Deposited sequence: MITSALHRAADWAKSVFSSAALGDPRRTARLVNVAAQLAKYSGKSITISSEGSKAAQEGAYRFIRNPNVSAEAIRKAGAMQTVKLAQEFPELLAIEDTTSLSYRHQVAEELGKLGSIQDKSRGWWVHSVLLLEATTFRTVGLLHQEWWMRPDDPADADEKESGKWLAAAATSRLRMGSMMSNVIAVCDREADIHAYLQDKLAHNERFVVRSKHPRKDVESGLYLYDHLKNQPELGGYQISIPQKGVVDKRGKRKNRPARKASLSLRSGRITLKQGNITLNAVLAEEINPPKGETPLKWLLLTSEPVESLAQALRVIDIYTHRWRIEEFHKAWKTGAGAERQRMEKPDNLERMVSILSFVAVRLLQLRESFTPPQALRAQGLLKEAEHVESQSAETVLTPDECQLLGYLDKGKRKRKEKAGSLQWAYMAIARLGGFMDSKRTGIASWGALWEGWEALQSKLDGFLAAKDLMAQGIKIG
């Protein structure tokens, strides 16, 4: 959590114990990851800082047949495990994304849409660890990459196995820490076999309900049984404004709105397998006439008896969206789909390194995040703090304490172009990255002047 800001130190902490069969391969991996992270989002060539040696080293590495992509990912994951020791409770957000390509190599990749689709690639199923107290991103725990064959019949295994395979790997890598982990998954994980496996291992989860299932004790579908349960209390949410574009391409507004939800919970036993677990039902009270009511039914191992316990389950699930944020940081952010390697294994090795660069992008912003009155020196070097103060002169908002962490956040965000168009105070990880990059880049000039003046040389 501390090795983060300096790219070389971050890379070392993430990758230095990679088992690639040659310590030179491991050292090169550390260096490649370092230059990529320093120039997050940018090409291998740009990241080489004019060094032909570093450029050739980087390209040779990603096309190296003795370098296992799995072993790159595992090394990074074991670092996540290491950091996870610090926390009494963790959330393991789990979901699938695609990596889509259309250049020649696509021919050799797997199906994503139709058999006729030019866009081909991998499906990647990922587990992302958060600490469950303040929801900071701890890191990647697992990724399974596979290619979908054109003919379903040629598949070596069914794709619903992905949730169980992720659990098996999580279990194995976390060891005795697994009991601190709540897995969090959308409706696609609402699979009897998945629920059974988690409960069999005494493992913890919050999974959204998709299919109607009978409760043995009541003989009712979960929804109907939960509707009968006494109201625990309620909560209100603010759903913010956004544009929406649908599948065909039609555009409509979704205005901001308030919704009030009632909350209900209970212990349930699924007819199939006779397995027992908890459920929470959140349902909108008085939905507007022209809207579909909010409704979440969540299946969980967690306690749900009190209002506060049920609200915790609801809150845990609202953090599922972090993994989609990771997906964006991996693609738009780190450039997973901008890569143009010409062989599947080269692309895989490169894009596997970038999954870690992506996590850092999210953590970079979190390291600056706003009930305290911290100073900026806890996060920035004295030089960084001084230069930033120079750059932000006249821009500090009234509500920012002069040399505080909150000020530093806002000032770096301002360097990144943040203008707070919705007045929430929250800048995107992209804006924070841009600001951080701008500060670091300006710091090169700052320090160059400092160095020359230390040598006693006249400036300009």
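Exercise. Counting from 1 along the deposited sequence, give me every gap where there's no C-alpha, start to finish.
Key: Seq positions lacking coordinates: 1-2, 373-387.
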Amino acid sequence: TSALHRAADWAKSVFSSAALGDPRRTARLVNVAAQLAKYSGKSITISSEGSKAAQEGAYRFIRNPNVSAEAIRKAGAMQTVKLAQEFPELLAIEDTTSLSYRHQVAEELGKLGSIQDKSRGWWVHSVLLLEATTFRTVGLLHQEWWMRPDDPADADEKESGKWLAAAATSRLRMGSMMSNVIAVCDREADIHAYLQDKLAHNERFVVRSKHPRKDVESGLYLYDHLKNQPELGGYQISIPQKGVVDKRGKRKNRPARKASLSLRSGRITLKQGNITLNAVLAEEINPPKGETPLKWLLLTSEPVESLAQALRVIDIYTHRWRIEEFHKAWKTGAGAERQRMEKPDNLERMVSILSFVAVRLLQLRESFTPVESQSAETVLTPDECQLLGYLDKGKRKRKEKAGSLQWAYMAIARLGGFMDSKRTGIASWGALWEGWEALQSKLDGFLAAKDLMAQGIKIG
From here on, numbers count along this sequence of modelled residues.
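Exercise. Averaging the C-alpha B factors as listed in the entry, name the stretch that ends up higher: 421-429 or 398-406.
Key: Higher mean C-alpha B-factor: 398-406.
Exercise. Using the B-factors recorded in the PDB entry, average over the C-alpha atoms of 67-75 and of 385-393, then report which stretch comes out higher.
Key: Averaged over C-alpha atoms, the B-factors run higher in 385-393.
Self-check item: Criterion, highest CA B-factor; candidates, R148, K242, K247, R136
Solution: Comparing C-alpha B-factors across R148, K242, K247, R136, the top value belongs to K247.
Quiz item: Going by the deposited entry, which of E348, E203, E342, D154 has the highest CA temperature factor?
Solution: Highest C-alpha B-factor among the listed options: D154.
Exercise. Would you mind ranking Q309 by its C-alpha B-factor against the rest of the chain and naming the third, lowest, middle or highest?
Key: As the PDB entry reports it, the C-alpha B-factor of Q309 lands in the middle third of its chain.
Quiz item: Is the Cα B-factor recorded for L281 in the lowest, middle or highest third of its chain?
Solution: Answer is middle: the recorded C-alpha B-factor places it there.
Self-check item: Entry-reported Cα temperature factor of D186, expressed as the chain third it lands in
Solution: Within its chain, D186 is a lowest-third residue by C-alpha B-factor, going by the deposited values.
Exercise. Using the B-factors in the PDB entry, rank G266's C-alpha atom against the chain and give the third, lowest, middle or highest.
Key: Its C-alpha B-factor belongs to the highest third of this chain's values.
Exercise. Just say lowest, middle or highest third for the CA B-factor of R251 relative to the other modelled residues in its chain.
Key: Within its chain, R251 is a highest-third residue by C-alpha B-factor, going by the deposited values.
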